[PDB]
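Just so it is clear, none of the values below were taken in a lab; they were calculated from the coordinates. Using ideal geometry, Cβ is built from the backbone for each residue, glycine included, and neighbour counts are taken over all protein chains shown.
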Number of protein chains: 2
Amino acid sequence: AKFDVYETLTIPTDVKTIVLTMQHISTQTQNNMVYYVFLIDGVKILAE
Amino acid sequence: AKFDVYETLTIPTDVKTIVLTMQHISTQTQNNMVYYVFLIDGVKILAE
């Protein structure tokens, strides 16, 4: 609440800053369906 | 996915338990308004 204006949102430091390139978007399967996931650190991560 | 009927969900172990009672919720103020929050440890914790 209380939407200031003079204030600009600053990104907190403890967040990995990932550039988005067309390499992090791969697929995996589970229960015989092909979903889309991320490759942020080698491990396939679902979008949630 | 894979909505099983045999498998039953169990709470993972590393999760605090809170037997909810009507004292764990309380109010906190900000921006000249009021809001409802939790008191899991006396510390007012927002709902999210």
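Quick look at the numbers
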item	result
Label geometry 7 Å along the beta-carbon vector: residue A:15 inter-copy distances in nm	2.6
Shortest-first distances to equivalent copies, position residue B:37, nm, label 7 Å out along Cβ	3.7
Spatially proximal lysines relative to residue B:16 (Cα-Cα < 30 Å; intrachain offsets below 8 disregarded)	A:16, A:44, B:2, B:44
Sparse-neighbour loop sites [chymotrypsin sites (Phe, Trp or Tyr not before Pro); chain A; at most 14 other C-beta within 10 Å; DSSP]	A:3, A:6
Chain A: equivalent-ellipsoid semi-axes (sqrt of 5 x gyration tensor eigenvalues, Cα, Å)	33, 14, 9
Relative counts (whole %) of C-alpha pair distances in the protein assembly as shown, using bins that are 10 Å wide	10, 20, 25, 29, 15, 1
